[PDB]
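Here the Cβ positions follow ideal geometry from the backbone for every residue, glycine too, while neighbour counts run over all protein chains shown. FYI, it's all coordinate maths here, none of it is from the lab.
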Amino acid sequence: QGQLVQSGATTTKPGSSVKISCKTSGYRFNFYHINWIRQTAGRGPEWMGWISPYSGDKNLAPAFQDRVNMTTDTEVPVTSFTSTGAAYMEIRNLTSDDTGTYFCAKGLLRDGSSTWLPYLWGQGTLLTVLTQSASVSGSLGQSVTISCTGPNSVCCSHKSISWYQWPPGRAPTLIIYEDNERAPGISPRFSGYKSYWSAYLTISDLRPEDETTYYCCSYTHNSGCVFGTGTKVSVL
Amino acid sequence: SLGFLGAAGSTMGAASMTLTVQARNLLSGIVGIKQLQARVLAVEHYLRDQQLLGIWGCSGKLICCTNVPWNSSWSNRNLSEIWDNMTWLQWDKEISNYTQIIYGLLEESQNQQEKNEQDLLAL
Amino acid sequence: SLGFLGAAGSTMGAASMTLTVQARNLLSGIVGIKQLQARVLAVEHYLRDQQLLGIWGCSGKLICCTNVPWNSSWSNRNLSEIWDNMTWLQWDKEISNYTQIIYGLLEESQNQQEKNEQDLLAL
Amino acid sequence: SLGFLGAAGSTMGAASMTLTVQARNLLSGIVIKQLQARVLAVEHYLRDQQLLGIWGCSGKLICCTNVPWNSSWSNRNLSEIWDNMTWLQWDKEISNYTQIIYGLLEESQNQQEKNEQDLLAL
Amino acid sequence: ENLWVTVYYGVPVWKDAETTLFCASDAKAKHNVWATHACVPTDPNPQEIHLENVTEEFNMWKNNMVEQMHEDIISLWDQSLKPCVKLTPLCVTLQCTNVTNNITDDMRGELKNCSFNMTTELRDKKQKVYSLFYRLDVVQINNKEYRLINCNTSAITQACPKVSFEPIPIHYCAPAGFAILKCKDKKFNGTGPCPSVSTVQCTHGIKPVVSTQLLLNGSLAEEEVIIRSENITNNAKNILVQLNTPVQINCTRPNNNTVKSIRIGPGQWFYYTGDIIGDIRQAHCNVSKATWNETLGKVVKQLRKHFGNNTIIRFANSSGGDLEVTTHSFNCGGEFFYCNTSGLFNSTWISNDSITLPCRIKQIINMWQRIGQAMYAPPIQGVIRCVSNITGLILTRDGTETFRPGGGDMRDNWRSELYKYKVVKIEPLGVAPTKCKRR
Amino acid sequence: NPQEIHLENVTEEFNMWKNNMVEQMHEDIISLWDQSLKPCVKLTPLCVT
Ligand SMILES: *[C@@H]1O[C@H](CO)[C@@H](O[C@@H]2O[C@H](CO)[C@@H](O[C@@H]3O[C@H](CO[C@H]4O[C@H](CO)[C@@H](O)[C@H](O)[C@@H]4O)[C@@H](O)[C@H](O[C@H]4O[C@H](CO)[C@@H](O)[C@H](O)[C@@H]4O)[C@@H]3O)[C@H](O)[C@H]2NC(C)=O)[C@H](O)[C@H]1NC(C)=O
Ligand SMILES: *[C@@H]1O[C@H](CO)[C@@H](O[C@@H]2O[C@H](CO)[C@@H](O[C@@H]3O[C@H](CO)[C@@H](O)[C@H](O)[C@@H]3O)[C@H](O)[C@H]2NC(C)=O)[C@H](O)[C@H]1NC(C)=O
Ligand SMILES: *[C@@H]1O[C@H](CO)[C@@H](O[C@@H]2O[C@H](CO)[C@@H](O[C@@H]3O[C@H](CO)[C@@H](O)[C@H](O)[C@@H]3O)[C@H](O)[C@H]2NC(C)=O)[C@H](O)[C@H]1NC(C)=O
Ligand SMILES: *[C@@H]1O[C@H](CO)[C@@H](O[C@@H]2O[C@H](CO)[C@@H](O)[C@H](O)[C@H]2NC(C)=O)[C@H](O)[C@H]1NC(C)=O
Ligand SMILES: *[C@@H]1O[C@H](CO)[C@@H](O[C@@H]2O[C@H](CO)[C@@H](O)[C@H](O)[C@H]2NC(C)=O)[C@H](O)[C@H]1NC(C)=O
Ligand SMILES: *[C@@H]1O[C@H](CO)[C@@H](O[C@@H]2O[C@H](CO)[C@@H](O)[C@H](O)[C@H]2NC(C)=O)[C@H](O)[C@H]1NC(C)=O
Ligand SMILES: *[C@@H]1O[C@H](CO)[C@@H](O[C@@H]2O[C@H](CO)[C@@H](O)[C@H](O)[C@H]2NC(C)=O)[C@H](O)[C@H]1NC(C)=O
Ligand SMILES: *[C@@H]1O[C@H](CO)[C@@H](O)[C@H](O)[C@H]1NC(C)=O
Ligand SMILES: *[C@@H]1O[C@H](CO)[C@@H](O)[C@H](O)[C@H]1NC(C)=O
Ligand SMILES: *[C@@H]1O[C@H](CO)[C@@H](O)[C@H](O)[C@H]1NC(C)=O
Ligand SMILES: *[C@@H]1O[C@H](CO)[C@@H](O)[C@H](O)[C@H]1NC(C)=O
Ligand SMILES: *[C@@H]1O[C@H](CO)[C@@H](O)[C@H](O)[C@H]1NC(C)=O
Ligand SMILES: *[C@@H]1O[C@H](CO)[C@@H](O)[C@H](O)[C@H]1NC(C)=O
Ligand SMILES: *[C@@H]1O[C@H](CO)[C@@H](O)[C@H](O)[C@H]1NC(C)=O
Ligand SMILES: *[C@@H]1O[C@H](CO)[C@@H](O)[C@H](O)[C@H]1NC(C)=O
Ligand SMILES: *[C@@H]1O[C@H](CO)[C@@H](O)[C@H](O)[C@H]1NC(C)=O
Ligand SMILES: *[C@@H]1O[C@H](CO)[C@@H](O)[C@H](O)[C@H]1NC(C)=O
Ligand SMILES: *[C@@H]1O[C@H](CO)[C@@H](O)[C@H](O)[C@H]1NC(C)=O
Ligand SMILES: *[C@@H]1O[C@H](CO)[C@@H](O)[C@H](O)[C@H]1NC(C)=O
Ligand SMILES: *[C@@H]1O[C@H](CO)[C@@H](O)[C@H](O)[C@H]1NC(C)=O
Ligand SMILES: *[C@@H]1O[C@H](CO)[C@@H](O)[C@H](O)[C@H]1NC(C)=O
Ligand SMILES: *[C@@H]1O[C@H](CO)[C@@H](O)[C@H](O)[C@H]1NC(C)=O
């Protein structure tokens, strides 16, 4: 299980520095990394950075190298395997161009090749290079395949690809990770495939609730999530 | 090399690579009625663990594979969600609902495997 | 599934198919100077049975076949006259005259088999 | 057949051919303090089988390993050992590195088990 | 994708449990009452292994090591008391007087000179002898006739004069297949999940100091001062306070007493209090006043964390009960001291030189669990003086607030030390699915 | 049948004055004496004139 609650939706004019809290429950707060990802209106989803609430070792994107500050405090053990923690994040040279919805997401695993991958997302707070399929659609019973590709700086076995379902302005949900493995609870109708130049997401036997947008992430073991443009699915 | 019970909070796969370090401190160390009663009690638990080890056909081996399959009603989680994701303590805590059934199935599977081998060796 | 010692009066072959049910109740159950003396004694009989099991090369297996032949002077009866004809009680009653000789021969046969394997593994 | 501890002063190879005669008299025979010795005796036997099992020699009196022989332990030759010394003087001379050898056997069997577990996945 | 079960021997999974724990003491050799000679002598290196990512639930008030240690201590007292000479002939009529007691007319009864008839090595002969008895050990009959306190209630036996009642460190250990969980959190409340847990085979050196209202020679808190209780809101549960800065106490009896060996029976020689050389003074204990005030302040600052910053609490003496409960009772140099503590807890604290305590001496002490067995402490020659560290308190709430000390149960003193330790068992067998199949 | 097995070619160092069987037997004999003496009648009344 596990649940993450975010701060309030307050607004502030440019030049300031705001802090956003993220309180965790239902899991060992020390066992997984924490990621901050911002969804901007005039841009794609951008991975800002992750920290380890166990080692304290941080790693951000170069675009947020000298402008963002992320901290955590010690956990409060609830049981042998449940803990409650918090996480704070601020931006120093803050303007009005960084407006959007911010999400804090715990890591995927505590070992392997997909450790820090943002898996369990929050509620979202309201503030003040990888191209995929333009638009595809289908009908109940058939299958669809969404593409995703980019340059050698973001393609190929060199990197790993994940697939995310994202309702507009709501809680996202992970579908695929490391190019074929699907998240727990995902129906077997979803399939992931990967060529040397593109990744495919196959969805057979569609159903009405699938009217949603989809994104793909390019990521290695010690890098950030490189999101895509977006694929708008229609009908129902 | 972390020592005895070093990988208590570690992932299950990490602790699986150091099994001798826990196996060599089960009957030895430094171990008047109280003192002798615990030794007799301790040796019964080792033989309790070794008797079950032999009845499943894993005599003298720390990693043994079986013929029984995995039942989804016990636990739906995946392999990468177990070995690199959970510790042995919480695993034993969660799976503590069906251990007796699994033990019985292992017993009967090894028994039928022995019967099949006895049938096959008659040519 | 008849339980512990269920096939007492059954044929030997019928009891041979359920060997784990008797093997799992030799050192466990619910088992105080008197009480502790029996536990220490009981584990000695299990190890008495397991030590002989290991010295014959049947470590951790309930059904093992040997290299020694069957002597007719021990018993002249036939296979269908044993497995589908008698219970283990009357068999152990009849064969209780030469068990020690058989045990010694099993010991020496396993020893020579180990020596042969050591000689063969030198190439 | 010389009996129990018959080949005490014999060469090591001569004693190696009769191993059951010493192995069958380690927990049997005729055995408040007296019961304490039996409980102690079985712990040493299981101490011997625990080390036996952790090296991968479960139920066998002669088992070969994967570790090599280090010359710094002893420079003597094979014909300078087996037809040349008794087990008493050998254990006297090599009693300087037995623990190291035991640890190497432990780790070699552990990695051998890991290699077999890795190999059995195809 | 057909996953198969795999068995692993030696998996790090434990379960909380209760098991018998044995005793181990560092080598020192006469023989003490604790029979530490019967424990294992040599500790080479108490190897502690920090268990990272391991947060385990501890509960000192449901701990089982404490009950085992309680029964073991009772067993040690009775084992040391078993082979010594019985004092059943000592229950007779006594003729007692104030010998030079009438000086100031204050402490006349405190110690008394008593003459009486007693048996000798021969069955048919008697001998009239004298001795000195403290007031706390005798009761009148009514003339100057007296009788021992224990006669109407229990049988009496004296301690053998070779065993020492001075406590020595005890390291409690678990057998093979079991381990002790040590919580190293410096702000550990005593209950709940501990984030930093380590494992050991044996505890540190623990001294069995039998004390009351003041914990003597105990462990020190690393930071602040820690307050523990089962139900802090319940006044029927005693409050255990642990300090970080120890307060030193100086206890002394300056009466230079002397022993007189008197033969009661065949192979039995009793040790009476012969005479007092020099002045007859009062046994007492000092503590520095300023250090006590500072430690009281740091105790109340943490007491305010569970009752409010504005609520005013005060400290008073004990409310009543048995002698061993209403006083600071302990064993110094061998003899049993009971010190009045009204001069310690006599301060009221508002929102925002050395002192001395009079002590009386007992040598007839009964067991705190069963009444029916009494031990005579043989008197100790010379001047008695012991310096100790008060490090903990046993307070009782009443229900503004007032606090009164106490605690007459022996197991409180062990709870004061075994809060860090928790005994667990190991189930080393673990099954898990893998993509491996036999054959 | 006390089965003695001659150990040929075996030259072993003995030391009777540091032997441990002797001290153990001393304590065993003392323990047996006191065990036999425990349940018998005491003679404390016999110490008279
Ligand atoms: C207690 O719980 C914590 C939290 O779960 C555990 O900490 C995790 O430890 C595992 C490994 O034990 C970590 O996963 C591994 O990370 C390695 C490197 O990540 C670091 O990378 C840079 C390099 O300096 C640091 O800046 C950064 O902050 C990270 O700390 C990877 O190398 C591992 O393998 C991956 O990379 C290698 C590269 O060669 C590949 O070969 C592999 O295939 C794979 O792709 C692995 O991913 C995990 O990140 C830690 N989590 C946290 C939150 O810190 C403790 O281990 C645990 N304690 C115990 C005793 O179990
Ligand atoms: C406790 O009471 C006993 C009495 O039962 C005291 O013993 C007696 O003490 C007196 C006074 O010291 C002794 O008298 C003295 O005798 C000596 C020697 O003959 C003599 O030189 C003195 O002039 C004086 O008369 C008496 O003998 C003695 N009796 C016995 C049996 O000891 C005892 O002193 C008292 N104890 C204390 C601490 O006061
Ligand atoms: C708390 O611990 C301290 C020390 O750890 C204890 O003080 C010790 O008290 C005993 C007896 O009161 C002293 O023993 C005596 O030592 C002198 C030294 O010359 C010796 O001559 C005597 O025969 C006797 O053995 C001991 O020295 C003393 N230790 C120190 C360091 O002063 C104290 O008693 C403990 N508190 C309690 C309540 O037990
Ligand atoms: C990120 O912000 C936090 C505030 O939440 C900073 O932490 C404090 O910084 C000040 C100024 O350097 C120190 O005086 C404090 O001791 C810090 N800790 C606390 C608890 O206040 C933190 O320094 C910021 N990060 C960076 C890189 O400056
Ligand atoms: C009283 O407390 C003091 C201070 O805690 C003790 O002195 C310490 O003793 C330990 C162990 O002997 C040493 O490791 C420390 O370095 C000492 N520190 C100081 C400041 O003295 C003293 O031993 C205690 N006395 C008693 C009787 O418990
Ligand atoms: C207590 O009284 C005893 C005598 O009962 C004193 O013992 C004497 O001590 C001195 C020390 O120099 C010796 O020379 C004497 O021989 C001792 N007398 C006996 C009879 O043994 C002891 O000194 C006194 N102690 C105190 C503190 O007053
Ligand atoms: C209790 O007694 C001890 C020693 O008998 C006193 O400690 C001594 O204090 C003086 C200070 O004048 C120091 O010079 C000594 O070194 C101390 N002795 C030791 C062994 O440390 C202590 O002050 C006394 N306390 C009270 C309250 O009387
Ligand atoms: C799983 O277990 C249930 C009950 O224990 C049983 O009815 C079912 O047949 C099992 N399924 C498999 C695949 O073993
Ligand atoms: C294991 O993975 C699941 C995936 O949902 C996650 O909820 C859980 O926190 C992870 N860790 C443990 C110890 O279960
Ligand atoms: C175990 O079974 C009990 C009773 O059926 C149930 O309440 C509990 O949730 C189960 N736990 C697990 C981990 O299956
Ligand atoms: C049977 O046993 C006898 C004596 O025990 C022996 O002489 C004979 O050779 C044996 N024959 C076989 C076939 O085992
Ligand atoms: C076994 O020996 C007894 C007497 O020693 C004899 O009565 C019996 O017939 C013998 N049985 C067999 C099968 O040899
Ligand atoms: C022999 O032992 C030494 C020290 O133990 C070690 O450095 C060396 O590598 C070993 N050599 C071999 C061949 O094992
Ligand atoms: C063994 O070690 C001891 C002490 O270090 C030394 O005296 C002896 O010569 C050594 N023997 C061998 C064979 O290395
Ligand atoms: C001792 O003195 C007190 C002082 O009041 C007196 O009451 C008591 O009776 C005296 N005891 C005697 C003289 O035995
Ligand atoms: C001892 O016995 C005699 C009997 O004549 C008695 O007079 C005397 O008072 C007794 N001693 C004491 C101290 O009472
Ligand atoms: C013994 O005497 C004391 C003296 O007051 C008294 O308190 C106690 O109750 C008496 N015991 C019995 C059993 O009468
Ligand atoms: C002790 O502290 C723990 C820490 O959370 C708390 O849960 C518990 O209620 C406290 N107990 C008391 C009696 O204050
Ligand atoms: C503590 O005591 C009060 C009254 O004494 C009671 O109401 C409360 O339930 C107790 N606490 C617990 C946890 O039971
Ligand atoms: C009491 O004072 C402390 C200062 O250490 C403060 O943290 C706490 O909030 C105060 N509590 C109340 C109820 O005023
Ligand atoms: C202790 O002393 C106080 C005054 O210092 C006094 O009121 C109280 O009665 C004394 N207690 C005893 C038991 O003597
Ligand atoms: C107790 O305190 C009161 C008031 O401060 C004082 O009058 C009295 O003398 C004190 N008594 C003791 C024993 O400290």
Hey, any hits in segment A:193-206 for a residue that's within 18 Å of the chain's Cα centre (by Cα), more than 16 Å from ligand 13 (Cβ to nearest atom) and among the charged types (D, E, K, R)?
-> no
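Return yes or no: is A:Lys232 exposed (fewer than 15 other Cβ atoms within 10 Å of the Cβ) and basic (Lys, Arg)?
Working: exposed (fewer than 15 other Cβ atoms within 10 Å of the Cβ): yes; basic (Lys, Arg): yes.
When the stated conditions are applied, A:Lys232 passes them.
Within segment C:54-64, can one find any residue that is over 22 Å from B:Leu121 (Cα atoms) and not aliphatic (A, V, I, L, M)? Give the steps one after another, and end with the answer.
Of segment C:54-64, the ones over 22 Å from B:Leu121 (Cα atoms) are C:55.
If we keep only those that are not aliphatic (A, V, I, L, M) too, we end up with none.
Checked against the condition, which is being over 22 Å from B:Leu121 (Cα atoms) and not aliphatic (A, V, I, L, M), segment C:54-64 yields no hits at all.
For segment E:394-439, which fully contained strands (runs of 3 or more DSSP E) count at least 1 residues that are crowded, with 18+ Cβ neighbours inside 10 Å and aliphatic (A, V, I, L, M)? Step through it out loud before you land on a result.
Values: elements: E:401-405, E:421-426, E:429-434.
Where strands (runs of 3 or more DSSP E) fall fully within segment E:394-439 and carry at least 1 residues being crowded, with 18+ Cβ neighbours inside 10 Å and aliphatic (A, V, I, L, M), they are E:421-426, E:429-434.
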Tell me which of these E:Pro379 doesn't satisfy, since it passes every other one: (1) more than 16 Å from ligand 2 (Cβ to nearest atom); (2) in a loop (DSSP other than H, G, I, E, B); (3) more than 28 Å from E:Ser219 (Cα to Cα).
-> (1)
Candidates E:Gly321, E:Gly308, E:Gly392, E:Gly333 - the one that is more than 22 Å from the chain's Cα centre (by Cα) and either more than 16 Å from E:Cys285 (Cα to Cα) or more than 16 Å from ligand 12 (Cβ to nearest atom) (or both) = E:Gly308
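Looking only at segment E:235-258, count how many residues are within 16 Å of ligand 19 (Cβ to nearest atom) and either closer than 15 Å to E:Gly190 by Cβ or within 19 Å of the chain's Cα centre (by Cα) (or both). Steps first, please.
First, the residues of segment E:235-258 that are within 16 Å of ligand 19 (Cβ to nearest atom): E:235-239.
With the extra rule that they be either closer than 15 Å to E:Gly190 by Cβ or within 19 Å of the chain's Cα centre (by Cα) (or both), the set shrinks to E:237-239.
Final tally of qualifying residues: 3.
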Assigned to a strand (DSSP E or B) and either over 19 Å from the mean Cα position of the chain (by Cα) or surrounded by fewer than 20 Cβ atoms within 10 Å (Cβ to Cβ) (or both), is that true of A:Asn35?
-> no
What pairs can you find where one residue is in segment D:99-113 and facing chain B (nearest Cβ under 10 Å) and assigned to a helix (DSSP H, G or I), the other is within 13 Å of ligand 13 (Cβ to nearest atom) and of a type outside the set (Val, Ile, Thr), and their Cβ atoms are less than 9 Å apart, with a gap of 6+ or different chains?
-> D:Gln109/D:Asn66; D:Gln111/D:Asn66
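Quick check: is even one residue across segment D:83-97 within 10 Å of another protein chain (Cβ to nearest Cβ) and under 19 Å from the mean Cα position of the chain (by Cα)?
First, the residues of segment D:83-97 that are within 10 Å of another protein chain (Cβ to nearest Cβ): D:86, D:88.
Pick out the ones that are also under 19 Å from the mean Cα position of the chain (by Cα) and you get D:86, D:88.
Yes - at least one qualifying residue is present in segment D:83-97.
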Please specify each residue of segment A:151-173 satisfying the condition of being part of a loop (DSSP other than H, G, I, E, B) and closer than 25 Å to A:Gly100 by Cα.
-> A:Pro167, A:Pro168, A:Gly169, A:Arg170, A:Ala171, A:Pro172
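Let's see how each residue does on (1) surrounded by fewer than 16 Cβ atoms within 10 Å (Cβ to Cβ); (2) charged (D, E, K, R); (3) more than 16 Å from ligand 15 (Cβ to nearest atom):
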{"residue": "E:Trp269", "(1), (2), (3)": "yes, no, yes"}
{"residue": "E:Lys301", "(1), (2), (3)": "yes, yes, yes"}
{"residue": "E:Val325", "(1), (2), (3)": "no, no, yes"}
{"residue": "E:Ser342", "(1), (2), (3)": "yes, no, yes"}
{"residue": "E:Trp349", "(1), (2), (3)": "no, no, yes"}
{"residue": "E:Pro358", "(1), (2), (3)": "yes, no, yes"}
Per the filter on segment E:276-295, residues surrounded by fewer than 18 Cβ atoms within 10 Å (Cβ to Cβ) and part of a helix (DSSP H, G or I) are E:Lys289, E:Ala290, E:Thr291, E:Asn293, E:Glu294
Any idea which of D:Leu52, D:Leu35 is farther than 29 Å from F:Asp28 by Cβ, surrounded by 15 or more Cβ atoms within 10 Å (Cβ to Cβ) and either more than 12 Å from chain F (Cβ to nearest Cβ) or hydrophobic (A, V, I, L, M, F, W, C) (or both)?
-> D:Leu52
Tally, over segment A:22-32, of residues that are assigned to a loop (DSSP other than H, G, I, E, B), crowded, with 24+ Cβ neighbours inside 10 Å and away from chain E (no Cβ under 14 Å) = 0
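Of the residues A:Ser135, A:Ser147, A:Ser157, which single one is in contact with a strand residue (DSSP E or B) (Cβ under 9 Å, 6 or more places away or on another chain), closer than 16 Å to A:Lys232 by Cβ and surrounded by fewer than 12 Cβ atoms within 10 Å (Cβ to Cβ)?
Details: A:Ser147 fails: surrounded by fewer than 12 Cβ atoms within 10 Å (Cβ to Cβ); A:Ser157 fails: closer than 16 Å to A:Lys232 by Cβ.
Of A:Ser135, A:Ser147, A:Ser157, the one residue that is in contact with a strand residue (DSSP E or B) (Cβ under 9 Å, 6 or more places away or on another chain), closer than 16 Å to A:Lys232 by Cβ and surrounded by fewer than 12 Cβ atoms within 10 Å (Cβ to Cβ) is A:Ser135.
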If we keep just the residues of segment B:38-49 that are facing another protein chain (nearest Cβ under 7 Å) and aliphatic (A, V, I, L, M), which is farthest from C:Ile63 (Cα to Cα)?
-> B:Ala38
Residues within segment E:120-160 that are within 14 Å of another protein chain (Cβ to nearest Cβ) and in a loop (DSSP other than H, G, I, E, B), tallied = 6
Sort out which residues of segment E:337-368 are part of a loop (DSSP other than H, G, I, E, B), closer than 23 Å to E:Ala290 by Cα and either within 14 Å of ligand 22 (Cβ to nearest atom) or within 17 Å of the chain's Cα centre (by Cα) (or both), and write them in order of number.
-> E:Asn340, E:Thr341, E:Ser342, E:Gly343, E:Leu344, E:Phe345, E:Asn346, E:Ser347, E:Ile350, E:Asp353
Where residues in segment D:8-21 are over 21 Å from C:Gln113 (Cβ atoms) and of a type in the set (A, V, I, L, M, F, W, C), which of them is nearest to the chain's Cα centre (by Cα)?
-> D:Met12
